[PDB]
């Protein structure tokens, strides 16, 4: 109904979005956010794709968000040799796009408040369920028909649910860390091709850069905390970059590279899985609180946004019965949120075994070959996760099946070539 009351823990990306969806069902939605309001007072800028945009569209916020973001119509792949090689993102209609964490969070919090039946309570944190006010130890919690945990990867709500029975949970800090470095404008234009995801794929080290609107790119650098150990000196940084990423040094400030590198230390990436996502129609997790995935497919925000949407579809489908919706969310969504978590991890692993200048290209071009050969039966993985709402686990199934039929189908051509050689050679 309308006059049930729901509290959203977290005024983040997902928290805000959810509060919009819920406000839009005429719920009374109170959003509690630890930090002070970011419009007055982790990733700097992220990749927004079909799934997230479809969630944004259900609240009539897609157009606003899309207008502040720069399109990425292709990958641009920076070889060690200096060779820049550019592969488009699937079809001509499909592109991912680069937006800013904060512009996104800000517009969303504003959208939250635009619903008169919704408040957002900045400077409120949470200890048990016990929300704090402005002054700490002002424990003035207050009850609700739904508590929605959108408190992110280090989730308080999840922490309570983890103590409950038959709750599987896991948390892995991976070997690599990330740190942000910014490419500026060169004479007031973009120093690189600005409608491209820029990748510098080495194996143990990888860099990406995503265009902003002030004509800059922000780059994240990934490498094992091991190598972060090995560059304590400005000379080392320089030497490293000269070795592994030659064309960055000119692109980035040669000297600002050193201010920005040592500005604060490499960030850890956590992976948390859990099951199930809910508790007896009084409590549910969503986004990074439910799944926190290593940032290796551009899908963490997209998936958490999609949680919000999938929920909202179940609230339509089951006329707002939380006792139905909460177990159904967990049944329907956990497979997918786990599968994207796996995809993300697979990718990260793959990217340290073998992706160099060269492999990236072969892998994608081969993918493009086979789609062009046999559409629809082969759709590349990237297309499936980035440009559709095919369920993630299904996309994994299809992606395995496809790889099975490419391997089996290659074998017979290899062997028919192998008999064809000998028969034409003898006679």
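Residue numbers count along the first chain shown, from 1.
Per the record, residue 372 and residue 373 are directly connected, with no deposited-sequence residue omitted between them. Missing coordinates between residue 258 and residue 259 amount to none of the deposited residues, so the segment is unbroken. Of the two segments examined, 230 to 238 and 92 to 100, it is 230 to 238 that shows the higher average Cα temperature factor in the deposited entry.
For the two regions 15 to 23 and 413 to 421, the entry's Cα B-factors average higher over 413 to 421. The residue among 67, 49, 383, 377 whose C-alpha atom has the highest B-factor in the PDB entry is 377.
Taking only the listed residues 302, 357, 172, 114, the entry reports the highest CA temperature factor at 357. Placement of the Cα temperature factor of residue 353 within the chain: highest third of the modelled residues, per the deposited record.
Annotation for residue 54: CA B-factor lies in the lowest third of the chain's modelled residues. Annotation for residue 321: C-alpha temperature factor in the middle third relative to the rest of the modelled chain, per the entry.
In the PDB entry, a CA B factor belonging to the lowest third of its chain's modelled residues is recorded for residue 292. Among all modelled residues in this chain, the alpha-carbon of residue 189 has a temperature factor (C-alpha) in the highest third.
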